[PDB]
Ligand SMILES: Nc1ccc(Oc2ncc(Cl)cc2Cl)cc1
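Here you get one chain, nothing else, as structure tokens; it is the form deposited without the named molecule.
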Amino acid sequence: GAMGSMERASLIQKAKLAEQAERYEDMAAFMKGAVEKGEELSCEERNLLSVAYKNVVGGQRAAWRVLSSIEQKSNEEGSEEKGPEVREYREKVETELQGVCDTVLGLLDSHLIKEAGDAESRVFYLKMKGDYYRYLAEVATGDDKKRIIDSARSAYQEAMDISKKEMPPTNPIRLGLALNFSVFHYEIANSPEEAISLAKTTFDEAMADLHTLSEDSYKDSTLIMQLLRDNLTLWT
């Protein structure tokens, strides 16, 4: 606990400051410290945690993609051997990414998920668990790739089952879960038809429930519905 001596409330305050300053590594460290205080997280706090790590790992993923692309070109038929450096540095970024994912997964396993009883918290964390196993799957190539994929699938599936039982079809967490599980199907599980079906059914069921919403709730739900449509347009 590097943050063990800081007050929980101070960690949350500093996470918000780090967000405003676009210091997402700091933000993630502050929110890891907050989680490690052992108390459940409120809605706002869960989203601070998620925003922080999504931004950190998102930057790592973007860098990994650049380096992996350079590496594949160096391996084409006709390339001039540029030694081990591209592979080494891609491996360095990959190991750092895996470490961040393992950290987040560790927080979810110790002990955020087991204490999460409300649908909004439990579905949120299980979505996160699917997301970070999905990021591990994006770089996985060994004896474990299938198991990592199945861990992502299992987390997303439990989240989906709870969300369909306990939340309306326009709930933004339910929508974002389905968006991401659909991308999992398309990009990770080589199941584009499942990806398209899930996105379309999610969109249509949400459409039919929009009439129940306030103007602010409508804005949130239609935002994610547009992402579902964007993906469907990319895939069809």
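So that there is no doubt, residue numbering starts at 1 and follows the sequence shown.
The same protein also exists as the form deposited with the named molecule bound; that form is not shown, yet it is the one meant from here on.
Contact annotation: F203 falls within 4.5 Å of the named molecule in the deposited complex, judged by heavy atom distances. Using a 4.5 angstroms threshold between heavy atoms, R229 counts as touching the named molecule in the deposited complex. Among heavy atoms of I196, some come within 4.5 Å of the named molecule in the deposited complex.
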